[PDB]
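For ligands, and for the atoms within them, numbers begin at 1 and follow the listed sequence. Throughout, a chain's letter reflects where its sequence line sits, starting with A, and its residues are numbered from 1. Keep in mind that the numbers below use all heavy atoms, side chains included, and drop hydrogens, waters and symmetry copies.
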Amino acid sequence: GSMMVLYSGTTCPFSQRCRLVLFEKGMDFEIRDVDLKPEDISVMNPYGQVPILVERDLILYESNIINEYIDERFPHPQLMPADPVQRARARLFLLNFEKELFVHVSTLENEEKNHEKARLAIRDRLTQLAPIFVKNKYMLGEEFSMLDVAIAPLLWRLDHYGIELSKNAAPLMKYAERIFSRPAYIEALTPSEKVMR
Amino acid sequence: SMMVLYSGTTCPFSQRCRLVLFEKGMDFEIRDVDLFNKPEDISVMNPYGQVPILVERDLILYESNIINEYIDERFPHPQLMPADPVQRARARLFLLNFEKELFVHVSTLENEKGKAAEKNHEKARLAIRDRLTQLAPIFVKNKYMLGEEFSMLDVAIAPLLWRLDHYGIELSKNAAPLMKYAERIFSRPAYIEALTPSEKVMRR
Ligand SMILES: N[C@@H](CCC(=O)N[C@@H](CS)C(=O)NCC(=O)O)C(=O)O
Ligand SMILES: O=C[C@H](O)[C@@H](O)[C@H](O)[C@H](O)CO
Ligand SMILES: O=C[C@H](O)[C@@H](O)[C@H](O)[C@H](O)CO
């Protein structure tokens with residue numbers, strides 16, 4: 001039975017992952033907007049960050065941890081592949097997103113010359129990713145997954161972040177629109193996020 | 001199982017995977033990798049050019065914790081990640097906090113070389129010392145990291161505890177419960193079997 005409470009940053013891309021996941025699963029939950037921040041935030045998460053998930057005695061932070069937990073509590077729809085081989089591949093992709101893209105998102109969100117280096121790294125990495133979507137509907141092919149969940153807040157914020165993409169990036173934007181069109185995505189978007197595009 | 005593990009002979013990350021493999025008693029092949037003369041294909045299989053790498057048929061995994069979670073799911077005996085979703089989540093968060101709080105410093109110690117790295121090494125040592133010393137009181141009442149049952153958390157941290165002398169990390173006396181705990185790990189026959197000859201030399 002669901003008792004989920006999500007402490008969420010209204011313009012936080014990491015929080016948007018969790019918000020997206022909760023709306024995809026269509027279960028009961030409560031979102032608490034955090035203004036960057038009440039004292040209990042650093043009590044619940046010693047790193048002082050959102051998102052934070054609370055369900056009874058459980059306190060979780062880090063968006064991918066939170067989302068994996070939710071995906072296991074409410075397995076429909078399935079966001080992590082059921083097959084162990086596929087699940088491992090996907091976990092490795094998620095991890096690489098964190099290393100290759102979202103460390104730069106953190107720079108953009110949390111910290112000035114570093115911002116420029118961050119944008120360039122994100123452009124370059126997306127340039128490498130773009131050809132995937134020549135043939136694939138979603139990251140793992142036909143099925144929506146945690147990989148799409150994870151990257152969507154970044155793709156959403158490309159203009160907000162002042163990211164210029166290379167010529168080969170067109171299939172990536174088509175892919176991005178396919179995510180943004182999802183009913184859960186629309187529902188999980190904050191008023192503040194909606195203005196970004 | 002047709003698992004092949006590319007393993008660094010003194011690589012603490014590789015040791016996690018060797019340890020998991022011996023704990024589960026499955027069939028496997030270890031391919032010993034000499035990181036002083038790293039073969040080109042290591043960088044083909046893993047673009048970060050690091051070991052451990054697990055290859056099983058068409059699957060190529062790297063990152064020790066990803067490899068181990070995969071093995072644990074493929075062969076759940078004994079279960080190293082808790083079955084319960086709440087416990088599994090807690091455990092995953094603990095694992096992640098280990099990588100951030102401890103093993104970024106192990107990476108510094110292992111991967112950065114030269115006289116330039118020595119200031120970074122000293123910081124890595126101090127950070128590891130301070131963090132292990134904070135954790136130590138846990139092992140007064142707990143046999144293993146999650147209590148009575150051995151888990152992935154013990155797997156993850158053991159190669160570091162094994163290497164404290166090797167890294168020149170000295171803990172104060174109040175870290176004794178942590179050392180008792182470490183010996184509780186080291187005495188497991190799986191642990192002893194998974195040690196390479198070079199790793200055995202690491203603790204006088
Ligand atoms: N996060 C990785 C780190 C693995 C790693 O750093 N391996 C080191 C050996 S300790 C390596 O292969 N370095 C390659 C090199 O620089 O030659 C994991 O958990 O597997
Ligand atoms: O904004 C937070 C609200 O709590 C909202 O998320 C609802 O509770 C949810 O839609 C339940 O379905
Ligand atoms: O109560 C002890 C818990 O097991 C927890 O504290 C973990 O041991 C953690 O890894 C240390 O932060």
Side-chain angles (χ1 to χ4, degrees), chain A residues 2-8 10 15 18-20 22-32 46 74 92 95-96 98-99 184 187-191, chain B residues 5-18 33-39 42-43 45-54 61-69 82 87 90-113 117 131-132 134-149 151-157 159-160 163 167 177-178 181 199:
Chain A
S2 177
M3 290 274 287
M4 303 195 169
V5 174
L6 182 72
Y7 292 83
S8 167
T10 210
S15 298
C18 300
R19 287 188 261 109
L20 175 56
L22 288 163
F23 277 99
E24 286 283 350
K25 302 293 190 170
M27 298 304 298
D28 293 331
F29 60 94
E30 183 199 335
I31 302 168
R32 307 217 176 124
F74 303 127
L92 183 48
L95 178 65
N96 289 344
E98 293 304 287
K99 202 192 297 182
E187 216 180 330
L189 210 63
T190 74
Chain B
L5 180 72
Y6 291 82
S7 166
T9 321
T10 59
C11 169
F13 297 99
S14 298
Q15 192 190 1
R16 297 174 161 173
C17 299
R18 285 184 260 111
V33 179
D34 179 18
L35 287 182
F36 286 111
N37 201 44
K38 183 168 61 185
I42 295 295
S43 294
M45 293 179 292
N46 174 7
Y48 297 99
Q50 293 169 336
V51 86
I53 303 165
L54 188 76
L61 291 176
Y62 45 88
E63 302 293 322
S64 51
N65 284 352
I66 300 269
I67 289 166
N68 290 342
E69 193 138 3
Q87 281 307 105
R90 290 197 191 289
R92 288 202 172 112
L93 184 48
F94 286 139
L95 286 174
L96 177 67
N97 288 345
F98 287 166
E99 294 303 286
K100 292 175 50 167
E101 297 294 320
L102 289 170
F103 282 86
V104 53
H105 303 303
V106 171
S107 287
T108 298
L109 283 168
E110 291 288 342
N111 296 324
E112 289 179 46
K113 268 101 183 193
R131 183 54 179 171
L132 295 180
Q134 304 180 274
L135 261 53
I138 287 172
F139 301 99
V140 172
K141 291 190 293 203
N142 292 273
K143 180 175 181 174
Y144 294 118
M145 196 85 60
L146 296 184
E148 280 299 322
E149 303 306 322
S151 73
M152 197 68 79
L153 272 63
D154 311 300
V155 167
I157 197 177
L160 169 57
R163 285 167 175 73
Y167 287 148
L178 180 67
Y181 157 67
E199 283 172 333

TODO: May I ask you to check whether B:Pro52 has an N/O atom sitting below 3.5 Å from an N/O atom of ligand 1?
DONE: no
Open item on the list: Counting only nitrogen or oxygen atoms and a 3.5 angstrom limit, does B:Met145 reach ligand 3?
Closed with: yes
Open item on the list: If we ignore hydrogens and angles and just use 3.5 Å, is the side chain of B:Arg18 paired with the main-chain N or O of B:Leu5 as donor and acceptor?
Closed with: no
TODO: Taking only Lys NZ, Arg NE, NH1 and NH2, and the carboxylate oxygens of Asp or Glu, determine whether A:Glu98 and B:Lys100 approach each other closer than 4.0 Å.
DONE: no
Open item on the list: Taking 4.0 Å as the limit for heavy-atom contacts, which would you say applies to B:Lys38 with ligand 1: side chain only, backbone only, both, or neither?
Closed with: side chain
Open item on the list: If you define the side chain from C-beta out and look only at heavy atoms, does anything of B:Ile157 sit under 4.5 Å from B:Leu132?
Closed with: yes
- [ ] Determine whether the side chains of B:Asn142 and B:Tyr181 contain a donor N or O and an acceptor N or O closer than 3.5 Å.
- [x] no
- [ ] With the side chain counted from C-beta on, respond yes when B:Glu110 and B:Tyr167 share a heavy-atom pair under 4.5 Å apart, and no when they do not.
- [x] yes
Task: Residue portion contacting ligand 1 (non-hydrogen atoms closer than 4.0 Å) for B:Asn111 - done: side chain
TODO: Quick one: closest heavy-atom pair of B:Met152 and B:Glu69, and the distance?
DONE: CE-N, 4.2 Å
Task: Minimum-distance protein heavy atom relative to atom 10 (O) of ligand 3 - done: B:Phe94 CD2, 3.4 Å
Open item on the list: If we only consider heavy atoms of B:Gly8, is any one of them less than 4.0 Å away from an atom in ligand 1?
Closed with: no
Task: Closest heavy-atom pair and its distance - B:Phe13, B:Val106 - done: CE1-CG1, 4.1 Å
Task: Heavy-atom pair with the smallest gap, counting every atom of B:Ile66 and A:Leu92 - done: CD1-N, 3.8 Å
TODO: Would you name the heavy atoms of B:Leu54 and B:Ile67 that are closest together and state the gap between them?
DONE: N-CD1, 3.7 Å
Open item on the list: I'd like the name of whichever of B:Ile138, B:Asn97, B:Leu135 reaches closest to atom 6 (O) of ligand 3 through any heavy atom.
Closed with: B:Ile138
Open item on the list: Can a donor-acceptor pair be found, under 3.5 Å and without considering hydrogens, that links the side chain of A:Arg32 to the backbone of A:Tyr7?
Closed with: no
Task: Protein contact to atom 10 (S) of ligand 1 [nearest heavy atom, distance to 0.1 Å] - done: B:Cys11 SG, 3.4 Å
TODO: Please write down residue, atom name and distance for the protein heavy atom closest to atom 19 (O) of ligand 1.
DONE: B:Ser64 OG, 2.5 Å
TODO: Please work out whether any backbone atom (N, CA, C, O) or any side-chain heavy atom from C-beta onward of B:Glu63 is under 4.0 Å from ligand 1, and answer side chain, backbone, both or neither.
DONE: both
Task: A:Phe23, any N or O under 3.5 Å of ligand 2 N or O - done: no
Task: Proximal ligand 3 atoms for B:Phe98, defined as those under 4.0 Å from one of its heavy atoms - done: 10 (O)
Open item on the list: Protein heavy atoms near atom 4 (O) of ligand 3, is at least one of them under 4.0 angstrom away?
Closed with: yes
Open item on the list: How far is atom 12 (O) of ligand 3 from the closest protein heavy atom, and which atom is that?
Closed with: B:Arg131 NH2, 3.8 Å
Open item on the list: As an exercise, identify every atom of ligand 1 less than 4.0 angstrom from a heavy atom of B:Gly49.
Closed with: 14 (C)
- [ ] Ignoring hydrogens and angles, tell me if any N or O in the side chain of A:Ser15 forms a donor-acceptor pair with the backbone of A:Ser8 under 3.5 Å.
- [x] no
TODO: Could you check atom 4 (C) of ligand 1 against the protein and tell me its nearest heavy-atom contact, residue, atom and distance included?
DONE: B:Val51 O, 3.3 Å
Task: N or O contact, B:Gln50 vs ligand 1, cut-off under 3.5 Å - done: yes
